[PDB]
Each structure stands twice: as structure tokens, then as C-alpha cells.
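Take a look at this one chain, the form deposited in one PDB entry, written out in C-alpha cells.
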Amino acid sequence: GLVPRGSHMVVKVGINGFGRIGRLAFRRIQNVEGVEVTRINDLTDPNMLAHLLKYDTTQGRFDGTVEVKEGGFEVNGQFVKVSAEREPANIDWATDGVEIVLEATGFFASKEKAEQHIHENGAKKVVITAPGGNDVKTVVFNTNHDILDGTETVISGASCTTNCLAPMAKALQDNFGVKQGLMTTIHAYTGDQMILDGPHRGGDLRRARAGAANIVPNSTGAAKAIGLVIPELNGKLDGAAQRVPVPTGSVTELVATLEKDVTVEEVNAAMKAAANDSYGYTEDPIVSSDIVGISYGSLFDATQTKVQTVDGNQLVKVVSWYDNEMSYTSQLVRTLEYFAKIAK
């Protein structure tokens, strides 16, 4: 009884932080009827933003036309406004008809700080493109978007790694039950790393290092905070990251103990059965470049599955790919579209 809108009823969106996720989100929204970006806010002039939309190192040239104008740029004819406002509270989203804001700066990933968008002459609601702590409903599309009723003011699209891990973990539990698990994600370097060795503004002595010239260990909360997405796994998973020199493209390895004894084929079959728009399945021996730009939020790879049986005991290894950029963004926009229809 959620009374969703048709794709003909156009919900106007604003993007805060026209960065990697911001710009790719924008690109995907071009092919989503009933969702339209009318305003972008960042920290720079429209010329910079127009150029970065047209040309993209890892995701290819923009499919369309982009022409710069005063206070914005035109995309296939349609003007989009550009503002350069550091404070979310100072952004007059309402003037451009924006109901929902994509918070994609990385600096306001908190209920308190995201709410700052909602005010007189501002936006109605906000989707954070990152974990927003617990306090905020955290959604991995096609895993737990049940949880949305449309009354929420602030929601999170979770992290890149969470959207990869969730379907894979859920499938495991639903079929065999998960006792505990440790995760490693071999991850592309990202914009929060230094291009060369230098002082890291967040105090991280590893993200301080040249990201495109090192294997760089780093912490991730995605495994710990999986309880926010699959409640019956709360406190059962932990993990970490190894950041490596590819500009996008990642993979998540999970090592787990299960309640049921399993064989490799049963695991792969279970994953194949769980496949959908969000969770893909493959038996081809692919590498990271092969998953750049894919629209699955997670792509299980059967060729890497391991089931080790020593004495009575079993360790199970399951691996899924994800383009930390497009995989996440695809999920984000699915979630945004659904949230826009259901919005109160």
C-alpha cells in the first residue's frame, strides 16, 4: 500500500558533490524516466564540471552533448544549474524544484549533517551515497529495499563494498546459514588516497601513500555494519581492504564457516539461483577491467569458489566482483528511483 508514482511523474533531483559517484549517477539518470537532475552543487565553475562529465578516464566519453553556459551547462539541450556552495544549509534546492538531493561529497555522511540540506527553500529528502552510520536506513537494492516506506527524510545507499557483499552473504545465509566470516576486498584506489606520498588530511598513514604505486592495506566497516542490511548477520562478519593500482574495479573475498556442510557446486548453484538485476553470476575467468562499467551491484564468480574440508570442519570461500564506481552507482540510482516513487 505504498502508492508509487508512474515514471511519467517526474521527480526532480539535485546532486551535491559532482564527483565520481555524482557524475556517474547523473549519467545513469539520463536513462531513467521520471527522474531528472535540475541542479548540481560543487566547489567549482560549470566549465570544470561540464568537462569532467564529457570526458571520463575509466568510464568513457559521455553519450550525449554538453555545452557550458552561464551558471550551468546544457545536456542534450536541457539546462542544468550549477552552484558552488560549501555549506549544505545555504543551498536553495527548492528554487530549481529539487525534492531529493544526492549527497555525494563524502563530507556530510551523517543524519545530522545530511539533514542540513532540508530547510526552507531547500530539499525535502536526502540520499547519502555512503554509509550514514546507524540512525539512518541503509539500503542495498534488491536485498533490503523492503525497509523503505517513503516517510524517511535521510537514507543511505550504503558503501561500494556493502552492495557487493550483501547479496553474496544473504544468499549464503538463506541457503546454508552463516556462523561467522572474514572479508578481504582487493579494491581500486580512490580519491581519498594521495597521488604521491604526502600528508593525509584524515590522519591515515596508509592513505597518505601514493595510491597508484602501492598495495595499501586499509580498514573498512562494511563487514561489521552488514547488520544494518541483513539483520540476521549482525556482529557475524568483519573485514579489511587491500587498495591496489587500478583506477576503478574491485573484488570481494569472503571466508566463512557455515551451519550446513556444503560442496563447491551447491554454493555456485545457490548463487546462480539468487541472480538478478543486482546480483550477477559468471563462470568466465574474468579480470578487473572486464567489470568496469557494469550495472550489477555485485557479480559472483564461480571460478574462485573454494570449499575446504579438514577433518569434519569446513571453510568456505566465495568471491564477487564489483566496479566500485558503476556497480555502486547502478544500485544507488535503482534505490533513488524507487525512493522517489514512494516518497511522502
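Only the largest set of C-alpha atoms that superpose within 1.5 Å between the two forms is called the rigid core. A residue's number is simply how far along the shown sequence it sits, counting from 1.
There is also a form deposited in another entry; it is not shown, and the following applies to it.
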Q: Scan 263, 180, 78, 219 for the one whose CA shifts by 2 Å or more between this form and the one not shown after superposing the rigid core, and name it.
A: 78
Q: Please check if residue 111 moves between this form and the one not shown, taking a CA shift of 2 Å or more relative to the superposed core as movement.
A: yes
Q) For residue 133, is the CA shift between this form and the one not shown at least 2 Å following rigid-core superposition? A) yes
Q: Taking the rigid core as the superposition reference, indicate whether the CA of residue 287 shifts 2 angstroms or more between this form and the one not shown.
A: no
Q.
Just to spell it out: taking the C-alpha atom of residue 34 and the C-alpha atom of residue 275, is that distance smaller or larger in the other form than in the structure shown here, given it changes by 3 Å or more?
A. closer
Q: Compare the CA separation of residue 184 and residue 134 in the other form with the one in the displayed structure, and answer closer or farther (the difference is at least 3 Å).
A: farther
